[PDB]
Each structure stands twice: as structure tokens, then as C-alpha cells.
């Protein structure tokens, strides 16, 4: 677990926790009828724009994780050809 790998796993967990909280907050608001009455339509407009900004971040991280696991396989394949044939 080098720095590059560690910063990603950490930066990836904080966005994961945000997204988790934001969704649950929204689902609960839209869950019951009486619950929606306790928030204005412009609160949704916020929540929506907040969850999306997070989603975009999460999607970016998952994409970069895909890139890392890809070089891992390539290096791993490189070494194998060197020492195993």
C-alpha cells in the first residue's frame, strides 16, 4: 500500500460515506408523505445537486481505481515474463 494507493482508498472512502449519508437523508424525506412536508422543493433541488456532485466524484475514483488495477496486472505480467518465462 504505497502513497498513491493509500490516498485513493482514503479519498474514495470519504466520498463513499458522503454519498451514503446524502442518499439516506433523501430517501427518508421522500419516504413518507408527512416527511416531504417538512422540507421545501428547493431543499430537494439542493440534495439532488449535492448527490450528483458526489456521484461524479465517486465515478471518477472508481474509474481511476480501474486504471490502477490495470497497471497492477501489466506489471505483474511483466515480472512473470521476466522470472517465470
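Numbering follows the first chain given and starts at 1.
Trainee: Please work out which of 65 to 73 and 6 to 14 has the higher mean CA B-factor as recorded in the PDB entry.
Mentor: It is 6 to 14 that shows the higher mean C-alpha B-factor.
Trainee: Residue 40's Cα B-factor: lowest, middle or highest third of the chain?
Mentor: It falls in the top third of the chain.
Trainee: Looking at the C-alpha B-factor of residue 1, is it in the lowest, middle or highest third of its chain?
Mentor: Answer is middle: the recorded C-alpha B-factor places it there.
Trainee: For the chain shown, is the CA B-factor of residue 31 in the lowest, middle or highest third of its modelled residues?
Mentor: Its C-alpha B-factor, which the entry lists for residue 31, ranks in the highest third among residues of this chain.
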